[PDB]
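Engineer: Got a file for you: run19.txt, compact mmCIF, C-alpha atoms and all ligand atoms.
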# COMPACT_ATOMS: atom_id res chain seq x y z
CA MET A 1 -20.65 -22.67 -20.83
CA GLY A 2 -22.17 -22.90 -17.26
CA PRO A 3 -23.29 -20.64 -14.34
CA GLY A 4 -19.65 -19.77 -13.38
CA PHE A 5 -19.04 -18.31 -16.87
CA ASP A 6 -22.54 -16.70 -16.72
CA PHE A 7 -21.63 -14.68 -13.58
CA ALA A 8 -18.11 -13.86 -14.96
CA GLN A 9 -19.62 -12.61 -18.27
CA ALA A 10 -22.16 -10.33 -16.43
CA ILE A 11 -19.25 -8.69 -14.51
CA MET A 12 -17.04 -8.30 -17.63
CA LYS A 13 -19.82 -6.80 -19.83
CA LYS A 14 -20.81 -4.00 -17.36
CA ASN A 15 -17.99 -3.56 -14.78
CA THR A 16 -14.68 -3.62 -16.77
CA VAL A 17 -12.72 -1.10 -18.85
CA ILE A 18 -9.34 -1.37 -20.58
CA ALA A 19 -6.83 0.74 -18.56
CA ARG A 20 -3.50 1.81 -20.16
CA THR A 21 -0.57 3.21 -18.12
CA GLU A 22 3.13 3.59 -19.12
CA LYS A 23 3.56 -0.02 -17.75
CA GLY A 24 1.00 -1.57 -20.21
CA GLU A 25 -2.68 -2.43 -20.86
CA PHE A 26 -4.67 -3.93 -17.90
CA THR A 27 -8.14 -5.33 -17.25
CA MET A 28 -9.63 -2.81 -14.77
CA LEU A 29 -12.65 -3.67 -12.55
CA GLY A 30 -15.13 -0.83 -11.83
CA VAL A 31 -16.69 -1.35 -8.35
CA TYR A 32 -19.12 1.63 -7.85
CA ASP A 33 -19.59 5.32 -8.90
CA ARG A 34 -16.22 6.30 -10.61
CA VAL A 35 -14.12 3.97 -8.34
CA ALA A 36 -12.11 1.11 -9.93
CA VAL A 37 -9.19 -1.21 -8.98
CA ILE A 38 -5.94 -2.17 -10.74
CA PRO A 39 -2.70 -3.92 -9.63
CA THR A 40 -0.34 -1.47 -7.87
CA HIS A 41 2.49 -2.47 -10.31
CA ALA A 42 0.45 -0.67 -13.09
CA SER A 43 2.00 2.55 -11.54
CA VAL A 44 -1.10 4.78 -12.01
CA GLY A 45 -0.20 8.50 -12.47
CA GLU A 46 -2.20 11.76 -12.84
CA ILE A 47 -3.52 10.69 -16.31
CA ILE A 48 -4.61 7.19 -17.44
CA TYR A 49 -6.19 5.93 -20.73
CA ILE A 50 -9.66 4.31 -20.22
CA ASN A 51 -10.91 2.51 -23.41
CA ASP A 52 -8.29 4.71 -25.27
CA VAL A 53 -9.75 8.00 -23.83
CA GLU A 54 -7.38 10.35 -21.93
CA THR A 55 -8.80 10.45 -18.34
CA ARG A 56 -7.71 12.49 -15.26
CA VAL A 57 -7.10 10.43 -12.07
CA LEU A 58 -8.92 12.27 -9.22
CA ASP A 59 -7.39 10.03 -6.48
CA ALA A 60 -5.29 6.83 -6.28
CA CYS A 61 -4.43 4.81 -3.16
CA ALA A 62 -2.00 1.82 -3.01
CA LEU A 63 -3.50 -0.38 -0.25
CA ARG A 64 -1.33 -1.86 2.53
CA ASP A 65 -2.43 -3.95 5.56
CA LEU A 66 -2.10 -2.74 9.19
CA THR A 67 1.36 -4.49 9.31
CA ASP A 68 2.30 -1.94 6.51
CA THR A 69 2.60 -4.90 4.05
CA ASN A 70 1.80 -4.44 0.31
CA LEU A 71 -1.67 -5.75 -0.78
CA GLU A 72 -0.94 -5.05 -4.52
CA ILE A 73 -4.40 -3.32 -4.96
CA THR A 74 -4.61 0.35 -6.08
CA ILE A 75 -8.05 2.01 -5.76
CA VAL A 76 -8.52 4.69 -8.46
CA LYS A 77 -11.16 7.42 -8.73
CA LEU A 78 -11.60 8.36 -12.45
CA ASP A 79 -12.73 11.74 -13.92
CA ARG A 80 -15.24 9.75 -16.05
CA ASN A 81 -18.68 11.04 -17.20
CA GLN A 82 -20.44 7.73 -16.33
CA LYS A 83 -20.85 5.60 -13.14
CA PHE A 84 -20.21 1.85 -12.81
CA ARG A 85 -23.01 -0.48 -11.77
CA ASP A 86 -22.57 -0.85 -7.96
CA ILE A 87 -21.20 -4.44 -7.40
CA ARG A 88 -20.04 -4.00 -3.75
CA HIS A 89 -22.70 -6.54 -2.54
CA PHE A 90 -20.77 -9.26 -4.53
CA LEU A 91 -17.52 -8.66 -2.52
CA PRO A 92 -16.63 -11.13 0.27
CA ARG A 93 -16.45 -9.69 3.84
CA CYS A 94 -13.64 -12.11 4.98
CA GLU A 95 -10.46 -13.93 3.80
CA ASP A 96 -11.49 -17.42 2.52
CA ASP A 97 -10.75 -20.33 0.12
CA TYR A 98 -13.15 -20.98 -2.83
CA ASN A 99 -14.16 -23.74 -5.25
CA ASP A 100 -14.61 -23.49 -9.02
CA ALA A 101 -13.38 -19.93 -9.87
CA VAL A 102 -13.13 -18.18 -13.30
CA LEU A 103 -10.39 -15.69 -14.27
CA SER A 104 -11.78 -13.21 -16.89
CA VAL A 105 -9.58 -10.83 -18.98
CA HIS A 106 -10.44 -8.21 -21.59
CA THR A 107 -7.56 -6.39 -23.36
CA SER A 108 -6.29 -5.84 -26.98
CA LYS A 109 -4.03 -8.92 -26.46
CA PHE A 110 -6.72 -11.12 -24.75
CA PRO A 111 -10.30 -10.09 -25.81
CA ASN A 112 -13.31 -11.88 -24.19
CA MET A 113 -11.05 -14.42 -22.39
CA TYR A 114 -12.49 -16.70 -19.63
CA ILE A 115 -10.27 -19.32 -17.82
CA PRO A 116 -11.76 -21.96 -15.47
CA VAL A 117 -8.90 -21.92 -12.88
CA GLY A 118 -10.56 -24.40 -10.40
CA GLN A 119 -9.95 -24.42 -6.61
CA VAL A 120 -8.64 -21.16 -5.03
CA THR A 121 -6.37 -21.40 -1.88
CA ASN A 122 -6.05 -18.62 0.73
CA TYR A 123 -2.23 -18.67 0.20
CA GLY A 124 -1.55 -15.58 2.38
CA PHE A 125 2.08 -14.42 2.15
CA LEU A 126 3.84 -14.22 -1.26
CA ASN A 127 7.16 -12.67 -2.29
CA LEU A 128 5.68 -11.08 -5.49
CA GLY A 129 8.42 -9.79 -7.85
CA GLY A 130 10.61 -9.32 -4.70
CA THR A 131 7.87 -7.42 -2.70
CA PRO A 132 6.44 -9.11 0.46
CA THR A 133 2.66 -9.22 -0.23
CA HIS A 134 -0.31 -10.36 1.96
CA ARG A 135 -3.89 -11.66 1.27
CA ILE A 136 -2.81 -13.64 -1.86
CA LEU A 137 -5.18 -16.19 -3.50
CA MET A 138 -3.53 -19.06 -5.48
CA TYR A 139 -4.91 -21.17 -8.37
CA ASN A 140 -3.19 -24.04 -10.23
CA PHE A 141 -3.35 -22.57 -13.77
CA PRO A 142 -0.30 -21.44 -15.80
CA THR A 143 -1.36 -17.79 -16.31
CA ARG A 144 0.66 -15.52 -18.67
CA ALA A 145 1.85 -11.92 -19.06
CA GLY A 146 -1.08 -9.63 -20.04
CA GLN A 147 -3.65 -11.20 -17.59
CA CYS A 148 -2.86 -8.79 -14.68
CA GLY A 149 -6.00 -7.01 -13.47
CA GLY A 150 -8.09 -10.02 -14.60
CA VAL A 151 -11.17 -10.56 -12.44
CA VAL A 152 -11.47 -13.71 -10.29
CA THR A 153 -15.10 -14.74 -9.65
CA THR A 154 -17.22 -17.56 -8.29
CA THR A 155 -21.01 -17.80 -8.76
CA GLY A 156 -22.30 -14.70 -6.93
CA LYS A 157 -18.86 -13.43 -5.68
CA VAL A 158 -16.08 -11.17 -7.06
CA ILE A 159 -13.10 -12.38 -4.95
CA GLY A 160 -9.89 -10.87 -6.41
CA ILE A 161 -7.77 -9.44 -9.23
CA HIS A 162 -4.91 -11.33 -10.93
CA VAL A 163 -1.45 -9.87 -9.96
CA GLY A 164 1.15 -12.48 -11.08
CA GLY A 165 2.26 -16.06 -11.75
CA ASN A 166 5.27 -18.42 -11.55
CA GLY A 167 4.57 -20.30 -14.86
CA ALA A 168 2.59 -23.16 -13.10
CA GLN A 169 0.38 -21.17 -10.65
CA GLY A 170 -1.47 -17.82 -10.76
CA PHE A 171 -1.93 -15.37 -7.88
CA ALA A 172 -4.68 -12.80 -7.18
CA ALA A 173 -4.99 -10.01 -4.56
CA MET A 174 -8.16 -10.43 -2.44
CA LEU A 175 -11.00 -7.95 -2.82
CA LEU A 176 -12.84 -7.34 0.51
CA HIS A 177 -16.06 -5.29 1.04
CA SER A 178 -14.20 -3.20 3.71
CA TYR A 179 -11.88 -1.68 1.02
CA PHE A 180 -14.90 0.17 -0.63
CA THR A 181 -16.97 1.52 2.30
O1 LIG A 201 -1.53 -20.89 -19.33
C1 LIG A 201 -1.87 -20.62 -20.46
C2 LIG A 201 -2.52 -19.44 -20.85
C3 LIG A 201 -2.90 -19.34 -22.11
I1 LIG A 201 -3.89 -17.65 -22.71
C4 LIG A 201 -2.71 -20.27 -23.11
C5 LIG A 201 -2.08 -21.39 -22.72
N1 LIG A 201 -1.69 -21.55 -21.44
Please express the file's structure as structure tokens.

Structural biologist:
Amino acid sequence: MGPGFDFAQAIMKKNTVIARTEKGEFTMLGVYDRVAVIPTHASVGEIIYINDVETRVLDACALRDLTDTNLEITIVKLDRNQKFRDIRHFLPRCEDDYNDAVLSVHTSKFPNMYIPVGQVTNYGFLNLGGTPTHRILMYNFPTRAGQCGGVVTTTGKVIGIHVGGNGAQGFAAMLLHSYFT
């Protein structure tokens, strides 16, 4: 409808795939080459389905901060025959708050879904499903089951991936440029 949705659509159309694990179907953001991200609670194994194609996982790393606290981001390298458009220059270099963000989801349950979530708070610490988690972004939208892995954008920046909600608020794990050097 506006330039927020324009940027979100450009990321969804070229940099997302549908990832299926034994824990469900997720929006999965491709960042560069064969490297993508997914919430750690997806429990990625040796094999994953990418757009319903059986795919070997060449490497997977559950990120933690230097306090050894969960970040809820897993970086995956896929045995895929095609590279992602390199979007690393759209990743923030620091923790920050944002105005006017969009949460974008693409699965069998939620095809071509775009949610204007509004202001995003650097929330920091969250007990997420009982796991202490750092670098959490918060938005005041009642997100639902099936939106995990959804991409959080502003105009010109890809700032996080949706990892949970409490029925009134939604929470994303930050994406930082330093994760993908
Ligand atoms: O919070 C929500 C999500 C959705 I999809 C529909 C209605 N409310």

Engineer: For residue 167 in chain A, which of A:113, A:11, A:36, A:145 is the closest residue, counting all atoms listed in the file?

Structural biologist: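 Using all atoms listed in the file, the shortest distance to residue 167 in chain A belongs to A:145.
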
Engineer: Any idea what's packed within 12 Å of residue 170 in chain A, counting only C-alpha atoms, ignoring anything in its chain fewer than 2 positions away? Could you give it as a PyMOL selection string?

Structural biologist: chain A and resi 102-103+115+117-121+123+126+128+136-145+147-148+150+152+160-168+172-173

Engineer: Give the answer as one residue: which of A:69, A:92, A:44, A:86 has the shortest atom-to-atom distance to residue 57 in chain A, using all atoms listed in the file?

Structural biologist: A:44

Engineer: Which residues come within 10 Å of residue 64 in chain A, counting all atoms listed in the file, excluding same-chain residues fewer than 3 positions away, as a VMD selection string?

Structural biologist: chain A and resid 61 67 to 74 133 to 134

Engineer: Restricting the calculation to all atoms listed in the file: of A:125, A:171, A:114, A:26, which residue gets closest to ligand LIG 201 (chain A)?

Structural biologist: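 For ligand LIG 201 (chain A), the nearest of the given residues is A:114.
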
Engineer: For each of A:105, A:159, A:78, A:94, take the minimum atom-to-atom distance to ligand LIG 201 (chain A), counting all atoms listed in the file, then give the residue where this is smallest.

Structural biologist: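 Under the stated criterion, the closest residue is A:105.
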
Engineer: Using only C-alpha atoms, which of A:14, A:178, A:20, A:33 sits nearest residue 83 in chain A?

Structural biologist: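 Result for the nearest residue to residue 83 in chain A: A:33.
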
Engineer: For ligand LIG 201 (chain A), which of A:135, A:2, A:107, A:47 is the closest residue, counting all atoms listed in the file?

Structural biologist: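 Under the stated criterion, the closest residue is A:107.
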
Engineer: If I put a ball of radius 8 Å at (-19.3, -13.5, -7.5) in the file's coordinates, which residues poke into it when counting all atoms listed in the file, written as a compact mmCIF listing (two decimals) with C-alpha atoms, keeping the file's coordinate frame?

Structural biologist:
# COMPACT_ATOMS: atom_id res chain seq x y z
CA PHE A 7 -21.63 -14.68 -13.58
CA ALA A 8 -18.11 -13.86 -14.96
CA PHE A 90 -20.77 -9.26 -4.53
CA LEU A 91 -17.52 -8.66 -2.52
CA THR A 153 -15.10 -14.74 -9.65
CA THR A 154 -17.22 -17.56 -8.29
CA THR A 155 -21.01 -17.80 -8.76
CA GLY A 156 -22.30 -14.70 -6.93
CA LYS A 157 -18.86 -13.43 -5.68
CA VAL A 158 -16.08 -11.17 -7.06
CA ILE A 159 -13.10 -12.38 -4.95

Engineer: Please enclose the listed atoms of ligand LIG 201 (chain A) in an axis-aligned box, pad each side by 5 Å, and write out the centre and the three edge lengths in Å, rounded to one decimal, as JSON.

Structural biologist:
{"center_x": -2.7, "center_y": -19.6, "center_z": -21.2, "size_x": 12.4, "size_y": 13.9, "size_z": 13.8}

Engineer: In Å, how far is it from CA of residue 6 in chain A to CA of residue 104 in chain A?

Structural biologist: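 According to the coordinates, CA of residue 6 in chain A and CA of residue 104 in chain A are separated by 11.3 Å.
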
Engineer: Figure out the distance between CA of residue 58 in chain A and CA of residue 175 in chain A, please, to one decimal in Å.

Structural biologist: 21.3 Å

Engineer: Just to confirm, what's the straight-line distance from CA of residue 174 in chain A to CA of residue 52 in chain A in Å (one decimal)?

Structural biologist: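 Between CA of residue 174 in chain A and CA of residue 52 in chain A the gap works out to 27.4 Å.
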